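For reference, data01.cif is printed below; it contains mmCIF, C-alpha atoms.
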```cif
data_query
#
loop_
_atom_site.label_atom_id
_atom_site.label_comp_id
_atom_site.auth_asym_id
_atom_site.auth_seq_id
_atom_site.Cartn_x
_atom_site.Cartn_y
_atom_site.Cartn_z
CA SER A 1 93.63 87.42 108.03
CA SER A 2 90.27 88.56 109.41
CA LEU A 3 88.53 87.22 112.52
CA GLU A 4 85.39 85.10 112.52
CA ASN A 5 83.38 86.02 115.60
CA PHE A 6 82.49 83.43 118.23
CA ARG A 7 78.94 82.20 117.59
CA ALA A 8 77.49 83.91 120.64
CA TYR A 9 75.82 87.17 119.70
CA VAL A 10 75.76 90.41 121.68
CA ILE B 1 74.07 110.84 120.62
CA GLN B 2 75.52 112.64 117.61
CA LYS B 3 78.86 114.10 116.56
CA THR B 4 79.48 117.22 114.56
CA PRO B 5 81.90 116.80 111.67
CA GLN B 6 85.21 118.65 111.64
CA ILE B 7 86.03 119.91 108.14
CA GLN B 8 89.33 120.86 106.51
CA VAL B 9 89.45 122.27 102.97
CA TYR B 10 92.89 122.32 101.34
CA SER B 11 94.72 121.49 98.10
CA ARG B 12 97.01 118.49 97.56
CA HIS B 13 99.89 120.65 96.23
CA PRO B 14 100.74 124.25 97.17
CA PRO B 15 98.44 126.43 95.07
CA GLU B 16 99.57 128.52 92.08
CA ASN B 17 97.01 130.49 90.10
CA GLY B 18 96.51 128.80 86.69
CA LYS B 19 98.07 125.46 87.71
CA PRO B 20 95.81 122.35 87.84
CA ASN B 21 95.63 120.86 91.36
CA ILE B 22 93.52 118.68 93.68
CA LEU B 23 91.09 120.14 96.19
CA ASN B 24 90.46 118.09 99.34
CA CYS B 25 87.59 118.18 101.75
CA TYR B 26 88.42 116.09 104.80
CA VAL B 27 85.56 115.32 107.14
CA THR B 28 86.22 113.70 110.50
CA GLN B 29 84.86 113.29 114.03
CA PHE B 30 81.26 112.48 113.00
CA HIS B 31 78.47 110.06 114.01
CA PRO B 32 76.33 108.60 112.60
CA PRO B 33 78.17 107.44 109.41
CA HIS B 34 75.57 108.84 106.97
CA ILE B 35 76.72 112.14 105.47
CA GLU B 36 76.31 114.21 102.29
CA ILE B 37 79.25 116.19 100.97
CA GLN B 38 79.34 118.59 98.03
CA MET B 39 82.31 120.51 96.68
CA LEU B 40 81.55 123.93 95.14
CA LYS B 41 83.05 126.31 92.63
CA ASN B 42 81.52 129.81 92.83
CA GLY B 43 78.53 128.37 94.71
CA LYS B 44 77.92 125.74 92.02
CA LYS B 45 78.18 122.00 92.76
CA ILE B 46 81.26 120.48 91.06
CA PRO B 47 80.22 117.44 88.93
CA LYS B 48 83.11 114.92 89.17
CA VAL B 49 83.96 114.75 92.88
CA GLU B 50 85.64 111.54 93.98
CA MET B 51 84.60 110.28 97.37
CA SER B 52 86.98 108.09 99.35
CA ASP B 53 85.67 105.00 101.11
CA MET B 54 84.38 105.65 104.62
CA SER B 55 86.49 104.67 107.62
CA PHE B 56 86.44 105.22 111.37
CA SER B 57 89.18 105.95 113.86
CA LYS B 58 90.01 104.53 117.33
CA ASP B 59 87.53 106.82 119.12
CA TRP B 60 84.80 105.20 116.94
CA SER B 61 84.11 108.39 114.95
CA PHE B 62 83.94 108.26 111.17
CA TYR B 63 85.99 109.98 108.49
CA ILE B 64 85.89 110.52 104.76
CA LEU B 65 87.81 112.43 102.08
CA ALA B 66 86.18 114.15 99.12
CA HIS B 67 88.44 115.44 96.34
CA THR B 68 88.20 116.95 92.89
CA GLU B 69 90.42 118.41 90.17
CA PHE B 70 90.58 122.18 90.33
CA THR B 71 92.63 125.06 88.98
CA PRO B 72 92.96 127.87 91.54
CA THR B 73 92.59 131.46 90.29
CA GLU B 74 92.52 134.95 91.78
CA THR B 75 88.73 135.38 91.70
CA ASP B 76 87.12 131.90 91.82
CA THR B 77 85.89 130.66 95.22
CA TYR B 78 85.89 127.03 96.37
CA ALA B 79 84.00 125.46 99.26
CA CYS B 80 82.86 122.25 100.86
CA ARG B 81 79.20 121.86 101.88
CA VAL B 82 78.53 119.20 104.48
CA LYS B 83 75.07 117.96 105.48
CA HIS B 84 74.93 115.92 108.72
CA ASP B 85 72.22 115.11 111.33
CA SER B 86 74.22 116.73 114.13
CA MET B 87 73.57 120.06 112.35
CA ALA B 88 70.37 122.07 111.77
CA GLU B 89 71.66 123.16 108.35
CA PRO B 90 74.49 122.21 105.95
CA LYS B 91 77.84 123.71 106.98
CA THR B 92 79.74 125.48 104.18
CA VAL B 93 83.52 125.90 104.54
CA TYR B 94 85.57 128.01 102.14
CA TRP B 95 88.96 127.01 100.87
CA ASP B 96 91.59 129.39 102.20
CA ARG B 97 94.96 129.01 100.43
CA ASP B 98 96.71 130.16 103.63
CA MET B 99 95.29 127.20 105.58
CA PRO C 2 106.46 98.49 117.10
CA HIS C 3 104.01 96.97 114.58
CA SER C 4 100.24 96.36 114.47
CA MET C 5 97.37 94.71 112.65
CA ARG C 6 93.73 95.83 112.98
CA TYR C 7 90.40 95.04 111.46
CA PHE C 8 87.78 97.74 111.80
CA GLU C 9 84.25 96.56 111.09
CA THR C 10 80.97 98.48 110.94
CA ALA C 11 77.41 97.30 110.37
CA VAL C 12 74.68 99.89 109.82
CA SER C 13 70.96 99.14 110.18
CA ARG C 14 68.92 100.40 107.27
CA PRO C 15 65.35 101.76 107.37
CA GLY C 16 63.27 99.46 105.14
CA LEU C 17 65.86 96.69 104.70
CA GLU C 18 66.63 93.46 106.62
CA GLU C 19 70.34 93.31 105.80
CA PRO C 20 72.78 95.78 107.35
CA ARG C 21 75.44 97.61 105.38
CA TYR C 22 78.64 95.84 106.47
CA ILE C 23 82.11 97.34 105.87
CA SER C 24 85.40 95.83 107.02
CA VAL C 25 88.81 97.42 106.65
CA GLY C 26 92.17 95.86 107.55
CA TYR C 27 95.26 97.85 108.49
CA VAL C 28 98.91 96.88 108.90
CA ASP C 29 100.86 99.58 110.78
CA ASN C 30 97.88 101.96 110.25
CA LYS C 31 97.78 101.56 106.48
CA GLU C 32 94.70 100.09 104.86
CA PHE C 33 95.60 96.86 103.05
CA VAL C 34 92.27 95.13 102.42
CA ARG C 35 88.58 96.02 102.38
CA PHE C 36 85.14 94.46 102.18
CA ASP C 37 81.91 96.34 101.44
CA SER C 38 78.55 94.54 101.25
CA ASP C 39 77.18 97.26 98.97
CA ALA C 40 79.67 96.47 96.17
CA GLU C 41 78.34 94.77 93.02
CA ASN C 42 80.27 91.59 93.86
CA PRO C 43 80.81 91.68 97.64
CA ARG C 44 84.35 90.41 98.19
CA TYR C 45 87.57 91.43 99.98
CA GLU C 46 89.86 93.59 97.82
CA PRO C 47 93.59 94.43 98.07
CA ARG C 48 94.22 98.08 99.02
CA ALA C 49 98.00 97.93 99.04
CA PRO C 50 99.97 96.50 96.06
CA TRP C 51 101.98 93.94 98.06
CA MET C 52 98.64 92.15 98.62
CA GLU C 53 98.46 91.01 94.98
CA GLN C 54 100.95 88.36 96.16
CA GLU C 55 97.93 86.45 97.61
CA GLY C 56 96.28 83.76 95.50
CA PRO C 57 92.54 83.39 94.81
CA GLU C 58 92.06 81.03 97.79
CA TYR C 59 92.99 83.83 100.18
CA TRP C 60 90.33 86.24 98.87
CA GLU C 61 87.81 83.38 98.76
CA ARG C 62 88.45 82.43 102.39
CA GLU C 63 88.37 86.09 103.49
CA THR C 64 85.13 86.78 101.59
CA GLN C 65 83.49 83.73 103.16
CA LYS C 66 84.44 85.00 106.64
CA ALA C 67 82.80 88.37 105.87
CA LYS C 68 79.44 86.75 104.98
CA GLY C 69 79.60 85.10 108.40
CA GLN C 70 80.41 88.49 109.96
CA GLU C 71 77.45 90.05 108.09
CA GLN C 72 75.01 87.63 109.75
CA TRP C 73 76.62 87.96 113.22
CA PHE C 74 76.30 91.77 113.16
CA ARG C 75 72.77 91.49 111.77
CA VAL C 76 71.63 89.30 114.70
CA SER C 77 73.57 91.28 117.34
CA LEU C 78 72.08 94.51 115.99
CA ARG C 79 68.63 92.96 116.42
CA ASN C 80 69.54 91.97 120.01
CA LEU C 81 70.64 95.51 120.91
CA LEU C 82 67.19 96.82 119.89
CA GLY C 83 65.77 94.66 122.71
CA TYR C 84 68.38 95.65 125.31
CA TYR C 85 67.72 99.37 124.80
CA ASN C 86 63.99 99.14 124.06
CA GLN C 87 64.61 100.83 120.72
CA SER C 88 61.88 101.46 118.17
CA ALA C 89 61.45 99.86 114.77
CA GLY C 90 62.50 102.06 111.86
CA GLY C 91 65.62 103.97 112.85
CA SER C 92 69.23 103.42 111.89
CA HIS C 93 71.69 101.98 114.37
CA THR C 94 75.43 101.19 114.23
CA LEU C 95 77.59 98.37 115.57
CA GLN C 96 81.38 98.54 115.33
CA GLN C 97 84.24 96.20 116.10
CA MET C 98 87.99 96.72 116.45
CA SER C 99 90.24 93.65 116.75
CA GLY C 100 93.88 92.83 116.21
CA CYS C 101 97.31 92.68 117.78
CA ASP C 102 100.38 94.77 118.62
CA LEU C 103 103.91 93.39 118.20
CA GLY C 104 106.81 94.72 120.27
CA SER C 105 110.35 95.68 119.30
CA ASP C 106 111.10 92.03 120.16
CA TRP C 107 108.52 91.28 117.40
CA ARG C 108 106.66 89.32 120.06
CA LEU C 109 102.96 89.82 120.75
CA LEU C 110 102.75 92.88 123.00
CA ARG C 111 98.93 92.90 123.22
CA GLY C 112 95.66 91.73 121.64
CA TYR C 113 92.55 93.91 121.16
CA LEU C 114 88.81 93.37 120.83
CA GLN C 115 86.29 96.17 121.30
CA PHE C 116 82.68 96.83 120.38
CA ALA C 117 80.71 100.03 120.24
CA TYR C 118 76.98 100.62 119.79
CA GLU C 119 75.77 104.02 118.56
CA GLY C 120 79.43 105.19 118.40
CA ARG C 121 79.95 104.51 122.14
CA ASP C 122 81.92 101.85 124.02
CA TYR C 123 79.80 98.75 124.57
CA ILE C 124 82.04 95.81 125.58
CA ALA C 125 85.77 95.06 125.41
CA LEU C 126 88.04 92.08 125.99
CA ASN C 127 90.55 93.04 128.70
CA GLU C 128 94.34 92.78 128.11
CA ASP C 129 94.46 89.34 129.75
CA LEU C 130 92.08 88.13 126.99
CA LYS C 131 89.99 86.37 129.68
CA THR C 132 87.69 89.07 131.10
CA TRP C 133 85.23 91.59 129.67
CA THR C 134 84.70 95.25 130.47
CA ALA C 135 81.08 96.29 129.99
CA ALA C 136 80.47 100.05 129.68
CA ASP C 137 76.80 100.14 130.74
CA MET C 138 73.83 98.10 131.99
CA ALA C 139 72.92 96.50 128.63
CA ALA C 140 76.55 95.50 128.09
CA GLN C 141 76.50 93.70 131.48
CA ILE C 142 73.91 91.36 129.92
CA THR C 143 76.37 90.61 127.10
CA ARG C 144 79.35 90.35 129.48
CA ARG C 145 77.49 87.77 131.63
CA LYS C 146 76.26 85.82 128.59
CA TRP C 147 79.84 85.66 127.23
CA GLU C 148 81.41 84.62 130.55
CA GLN C 149 78.84 81.79 130.64
CA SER C 150 79.80 80.60 127.11
CA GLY C 151 83.60 80.83 126.93
CA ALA C 152 83.56 83.50 124.21
CA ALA C 153 86.95 84.91 125.32
CA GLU C 154 88.85 81.65 124.64
CA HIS C 155 87.89 81.84 120.96
CA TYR C 156 89.01 85.47 120.59
CA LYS C 157 92.16 84.85 122.63
CA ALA C 158 93.14 82.02 120.26
CA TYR C 159 92.68 84.21 117.19
CA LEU C 160 94.64 87.13 118.68
CA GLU C 161 97.70 85.10 119.80
CA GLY C 162 97.76 82.76 116.78
CA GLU C 163 96.21 83.61 113.40
CA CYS C 164 96.62 87.44 113.88
CA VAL C 165 100.30 87.22 114.81
CA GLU C 166 101.06 84.77 111.97
CA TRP C 167 99.55 86.85 109.19
CA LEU C 168 100.96 90.10 110.56
CA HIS C 169 104.46 88.57 110.23
CA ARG C 170 103.58 87.53 106.70
CA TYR C 171 102.30 90.97 105.68
CA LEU C 172 105.31 92.69 107.26
CA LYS C 173 107.56 90.38 105.21
CA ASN C 174 105.45 90.73 102.04
CA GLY C 175 104.95 94.53 102.24
CA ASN C 176 108.32 95.35 103.82
CA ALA C 177 109.54 97.77 101.15
CA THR C 178 106.32 99.85 101.23
CA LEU C 179 105.50 99.66 104.95
CA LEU C 180 109.00 100.53 106.23
CA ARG C 181 109.59 103.40 103.77
CA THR C 182 109.44 107.06 104.71
CA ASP C 183 108.83 110.28 102.81
CA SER C 184 110.41 113.16 104.68
CA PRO C 185 108.45 116.45 104.87
CA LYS C 186 108.88 119.30 102.45
CA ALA C 187 108.77 122.35 104.71
CA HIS C 188 108.43 126.11 104.30
CA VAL C 189 107.24 129.14 106.29
CA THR C 190 104.57 131.62 105.16
CA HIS C 191 103.77 135.10 106.42
CA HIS C 192 100.28 136.57 106.73
CA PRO C 193 98.42 139.61 108.11
CA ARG C 194 96.61 139.06 111.42
CA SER C 195 95.85 142.31 113.30
CA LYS C 196 97.20 145.81 114.08
CA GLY C 197 101.01 145.40 114.37
CA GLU C 198 100.72 141.60 114.33
CA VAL C 199 101.36 138.80 111.85
CA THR C 200 100.94 135.03 111.63
CA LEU C 201 103.92 132.80 110.91
CA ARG C 202 102.82 129.44 109.55
CA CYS C 203 105.20 126.50 109.25
CA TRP C 204 104.11 123.92 106.68
CA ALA C 205 105.15 120.29 106.34
CA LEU C 206 103.91 118.51 103.26
CA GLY C 207 104.22 115.23 101.37
CA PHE C 208 105.34 113.27 104.43
CA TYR C 209 105.00 109.63 105.47
CA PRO C 210 104.25 108.08 107.82
CA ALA C 211 101.71 110.39 109.55
CA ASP C 212 103.66 110.88 112.83
CA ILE C 213 105.40 114.26 113.03
CA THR C 214 106.29 117.11 115.40
CA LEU C 215 106.27 120.82 114.60
CA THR C 216 107.38 123.36 117.21
CA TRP C 217 107.99 127.12 117.23
CA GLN C 218 110.64 128.91 119.27
CA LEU C 219 111.52 132.41 120.38
CA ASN C 220 114.66 133.35 122.34
CA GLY C 221 115.55 129.64 122.77
CA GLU C 222 112.26 128.60 124.36
CA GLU C 223 109.28 126.48 123.23
CA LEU C 224 105.88 128.00 122.42
CA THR C 225 103.62 124.99 123.13
CA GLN C 226 100.96 127.31 124.54
CA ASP C 227 100.76 130.21 122.01
CA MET C 228 100.83 128.04 118.88
CA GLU C 229 98.02 126.80 116.63
CA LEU C 230 98.45 123.26 115.33
CA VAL C 231 96.12 121.76 112.70
CA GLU C 232 95.03 118.19 112.70
CA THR C 233 97.21 116.03 110.41
CA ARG C 234 95.42 115.49 107.11
CA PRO C 235 95.88 113.18 104.09
CA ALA C 236 97.16 114.83 100.91
CA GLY C 237 95.25 112.14 98.95
CA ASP C 238 98.34 110.34 97.55
CA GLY C 239 99.39 108.30 100.62
CA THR C 240 101.23 111.23 102.10
CA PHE C 241 100.13 113.71 104.80
CA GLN C 242 100.21 117.44 105.59
CA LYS C 243 100.46 119.48 108.81
CA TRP C 244 101.14 123.08 109.82
CA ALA C 245 101.75 125.12 112.97
CA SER C 246 101.31 128.86 113.32
CA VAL C 247 102.06 131.58 115.87
CA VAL C 248 100.89 135.22 116.07
CA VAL C 249 103.94 137.48 116.09
CA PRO C 250 104.83 141.18 116.58
CA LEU C 251 105.36 142.99 113.24
CA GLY C 252 109.10 143.56 112.83
CA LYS C 253 110.15 140.70 115.14
CA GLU C 254 109.59 137.72 112.80
CA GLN C 255 113.30 136.78 112.41
CA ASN C 256 113.40 136.07 116.16
CA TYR C 257 111.11 133.10 115.55
CA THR C 258 112.11 129.66 114.34
CA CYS C 259 110.27 126.47 113.49
CA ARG C 260 111.54 122.89 113.93
CA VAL C 261 110.26 119.79 112.15
CA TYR C 262 110.75 116.26 113.49
CA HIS C 263 110.01 113.13 111.40
CA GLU C 264 111.35 109.53 110.98
CA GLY C 265 112.71 110.46 107.51
CA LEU C 266 114.78 113.23 109.10
CA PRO C 267 118.08 112.14 110.74
CA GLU C 268 118.61 115.75 111.91
CA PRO C 269 115.56 118.02 112.49
CA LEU C 270 114.83 120.97 110.20
CA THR C 271 115.21 124.54 111.33
CA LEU C 272 113.05 127.04 109.46
CA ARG C 273 112.66 130.80 109.63
CA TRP C 274 110.57 133.45 107.90
CA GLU C 275 112.41 134.61 104.77
CA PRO C 276 111.25 138.01 103.40
#
```
Can you present the structure in this file as structure tokens?
Amino acid sequence: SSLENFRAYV
Amino acid sequence: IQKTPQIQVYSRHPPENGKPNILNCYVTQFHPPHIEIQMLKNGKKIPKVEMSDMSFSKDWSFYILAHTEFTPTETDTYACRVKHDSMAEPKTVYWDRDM
Amino acid sequence: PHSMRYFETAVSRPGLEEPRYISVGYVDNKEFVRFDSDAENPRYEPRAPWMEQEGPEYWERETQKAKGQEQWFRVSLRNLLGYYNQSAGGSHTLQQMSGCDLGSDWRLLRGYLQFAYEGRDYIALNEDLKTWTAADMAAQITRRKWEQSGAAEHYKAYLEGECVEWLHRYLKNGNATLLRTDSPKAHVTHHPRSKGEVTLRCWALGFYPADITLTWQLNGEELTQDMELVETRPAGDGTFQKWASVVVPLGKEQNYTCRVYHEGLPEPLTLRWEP
């Protein structure tokens, strides 16, 4: 099950 | 910053003249991902060459496998031609049945 | 030991606003799923048969996640242009590795999260899953931003929960494929090299998994230095190939022996040049 990244960008 | 592909050319099964086989061209250790690969019989581009999906390994560098049906013979030559930005010209690597 | 990993890549395209996004999942180093934004219908696809056991909801939920990942990498890619004062046009790459390791005690050994820009380390979540290691000045900007926002708590929660759970599931579901071996088929060849000297090459073919050891020996002693070892390569059918060669005096080949070690071998093979 893949990860959804935290909504803070690089 | 750019990385030069490493290239191995080799058959799936041990080669026997006259026996249908699979030729592999395995390209690793490259960046960026964009690359052009041709497989050649007697210096002529082979039409149906299957290209694996692109991946990358733990050191971030990309890899891909090209393959085609081929029947090895005594006189026919086979090669992989690889065009990548880390190189001034396309690198051609001959299949050697001993490798 | 066991592992799950997702390897993601977004590539910036000259003349287009959307990046090429590709995501590949692995269980124990074997690709099991895949998403490519270039496909005709962009969705996650099974890449190992034991994944057909998942119903349409799974693929729907996974596909939805990827469209979120597409946008995240798109924006981040745009941000990195600023940090490095990089020109318009150009192609640029952003990559992500994430996942977990399980121990022999099937317990979470470690979680992973790493990013690279232009094929080089950018930022990484440290083993504690609390701190960040920035590789350069621009990554310090991202490290500080992410400390100030509690980014790490989100990733930590994924790595210790969802990742572990599904890894157990996949290991159960794909048990008979994942835990299989194919032991090497091995032989020795003999070739000309130079005046009074020959190469002995020890082949190992058709083997799985990829991990293997080939060694050569003369007079009871290893030849670590003195031997050529190719990089392990896929045969194309799920199996792998490797060889190891030594340059040998002509007439003294029988004195040399090759040993092959692999999980599918209870006792290691002993091979010799047979004229």
task: Excluding residue A:6 and residues on its chain fewer than 6 positions from it, collect all residues at most 12 Å away from it, counting all atoms listed in the file, and give them as an MDAnalysis selection string.
output: chainID C and resid 66 69:70 73:74 77 147 150:159
query: Written as JSON, numbers by chain, which residues does the PyMOL selection byres ((chain A) within 6 of (chain C)) give for the file shown?
result: {"A": [4, 9, 10]}
query: If we count all atoms listed in the file, what is near residue C:182 at a cut-off of 12 Å, once residues fewer than 6 positions away on the same chain are taken out, given as a ChimeraX atom specification?
result: /C:176,207-213,239-241,263-267
- prompt: If you apply the PyMOL selection byres ((chain C and resi 46-54) around 9) to this file, what residues do you get, as an MDAnalysis selection string?
  reply: chainID C and resid 31:36 44:45 55:56 60 171 174:176 178
query: Between B:94, B:30, B:10, B:70, which has the minimum distance to residue B:57 (counting all atoms listed in the file)?
result: B:30
Per residue of chain B within 12 Å of chain C, which atom pair is closest and at what distance in Å (one decimal), using only C-alpha atoms, listed by chain and increasing number, as CSV?
```
residue,atom,partner,partner_atom,distance
B:1,CA,C:119,CA,7.3
B:2,CA,C:120,CA,8.5
B:3,CA,C:120,CA,9.1
B:6,CA,C:232,CA,9.9
B:7,CA,C:232,CA,10.2
B:8,CA,C:234,CA,8.1
B:9,CA,C:234,CA,9.9
B:10,CA,C:236,CA,8.6
B:11,CA,C:236,CA,7.6
B:12,CA,C:236,CA,5.0
B:13,CA,C:236,CA,8.0
B:14,CA,C:206,CA,8.9
B:21,CA,C:236,CA,11.4
B:22,CA,C:237,CA,8.6
B:23,CA,C:236,CA,9.3
B:24,CA,C:236,CA,7.6
B:25,CA,C:234,CA,9.9
B:26,CA,C:234,CA,7.4
B:27,CA,C:234,CA,9.9
B:28,CA,C:234,CA,10.0
B:29,CA,C:120,CA,10.7
B:30,CA,C:120,CA,9.3
B:31,CA,C:120,CA,6.6
B:32,CA,C:120,CA,7.4
B:33,CA,C:12,CA,8.3
B:34,CA,C:12,CA,9.4
B:50,CA,C:237,CA,10.8
B:51,CA,C:237,CA,10.9
B:52,CA,C:237,CA,9.2
B:53,CA,C:37,CA,9.4
B:54,CA,C:23,CA,8.7
B:55,CA,C:25,CA,7.7
B:56,CA,C:8,CA,7.6
B:57,CA,C:8,CA,8.6
B:58,CA,C:98,CA,8.1
B:59,CA,C:120,CA,8.3
B:60,CA,C:120,CA,5.6
B:61,CA,C:120,CA,6.6
B:62,CA,C:120,CA,9.1
B:63,CA,C:234,CA,11.0
B:64,CA,C:235,CA,10.4
B:65,CA,C:237,CA,8.1
B:66,CA,C:237,CA,9.3
B:67,CA,C:237,CA,8.0
B:68,CA,C:237,CA,10.5
B:69,CA,C:237,CA,11.8
B:97,CA,C:190,CA,11.0
B:98,CA,C:192,CA,8.0
B:99,CA,C:244,CA,8.3
```
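With atom CA of residue C:245 on one side and atom CA of residue C:203 on the other, the separation reads 5.3 Å.
Take the candidates B:48, B:15, B:20, B:35 and check each one against residue B:87 using all atoms listed in the file; the shortest distance goes to B:35.
Candidate residues C:250, C:127, C:228, C:162 were compared for distance to residue C:195, and the nearest is C:250, using only C-alpha atoms.
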Once N, CA, C and O atoms are restored for chain A, what would the output be as a PDB file, in the coordinates of the input?
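Final output, result23.pdb:
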```pdb
ATOM      1  N   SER A   1      94.725  88.437 108.033  1.00  0.00           N
ATOM      2  CA  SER A   1      93.630  87.420 108.030  1.00  0.00           C
ATOM      3  C   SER A   1      92.566  87.782 109.045  1.00  0.00           C
ATOM      4  O   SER A   1      92.845  87.811 110.238  1.00  0.00           O
ATOM      5  N   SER A   2      91.346  88.043 108.568  1.00  0.00           N
ATOM      6  CA  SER A   2      90.270  88.560 109.410  1.00  0.00           C
ATOM      7  C   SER A   2      89.763  87.540 110.428  1.00  0.00           C
ATOM      8  O   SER A   2      89.965  86.335 110.278  1.00  0.00           O
ATOM      9  N   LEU A   3      89.123  88.045 111.474  1.00  0.00           N
ATOM     10  CA  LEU A   3      88.530  87.220 112.520  1.00  0.00           C
ATOM     11  C   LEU A   3      87.095  86.792 112.179  1.00  0.00           C
ATOM     12  O   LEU A   3      86.319  87.559 111.620  1.00  0.00           O
ATOM     13  N   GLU A   4      86.762  85.551 112.502  1.00  0.00           N
ATOM     14  CA  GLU A   4      85.390  85.100 112.520  1.00  0.00           C
ATOM     15  C   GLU A   4      84.967  85.158 113.962  1.00  0.00           C
ATOM     16  O   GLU A   4      85.620  84.558 114.815  1.00  0.00           O
ATOM     17  N   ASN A   5      83.884  85.882 114.238  1.00  0.00           N
ATOM     18  CA  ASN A   5      83.380  86.020 115.600  1.00  0.00           C
ATOM     19  C   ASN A   5      82.877  84.705 116.171  1.00  0.00           C
ATOM     20  O   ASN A   5      82.310  83.875 115.452  1.00  0.00           O
ATOM     21  N   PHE A   6      83.097  84.524 117.470  1.00  0.00           N
ATOM     22  CA  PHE A   6      82.490  83.430 118.230  1.00  0.00           C
ATOM     23  C   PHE A   6      80.972  83.443 118.009  1.00  0.00           C
ATOM     24  O   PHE A   6      80.378  84.515 117.835  1.00  0.00           O
ATOM     25  N   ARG A   7      80.344  82.264 118.014  1.00  0.00           N
ATOM     26  CA  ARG A   7      78.940  82.200 117.590  1.00  0.00           C
ATOM     27  C   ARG A   7      77.906  82.729 118.560  1.00  0.00           C
ATOM     28  O   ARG A   7      76.717  82.705 118.255  1.00  0.00           O
ATOM     29  N   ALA A   8      78.358  83.196 119.717  1.00  0.00           N
ATOM     30  CA  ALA A   8      77.490  83.910 120.640  1.00  0.00           C
ATOM     31  C   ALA A   8      77.370  85.362 120.189  1.00  0.00           C
ATOM     32  O   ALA A   8      78.372  86.036 119.912  1.00  0.00           O
ATOM     33  N   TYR A   9      76.128  85.820 120.109  1.00  0.00           N
ATOM     34  CA  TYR A   9      75.820  87.170 119.700  1.00  0.00           C
ATOM     35  C   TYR A   9      75.809  88.080 120.906  1.00  0.00           C
ATOM     36  O   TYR A   9      75.800  87.617 122.045  1.00  0.00           O
ATOM     37  N   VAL A  10      75.810  89.377 120.642  1.00  0.00           N
ATOM     38  CA  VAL A  10      75.760  90.410 121.680  1.00  0.00           C
ATOM     39  C   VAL A  10      74.655  90.167 122.731  1.00  0.00           C
ATOM     40  O   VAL A  10      73.598  89.609 122.420  1.00  0.00           O
TER      41      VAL A  10
END
```
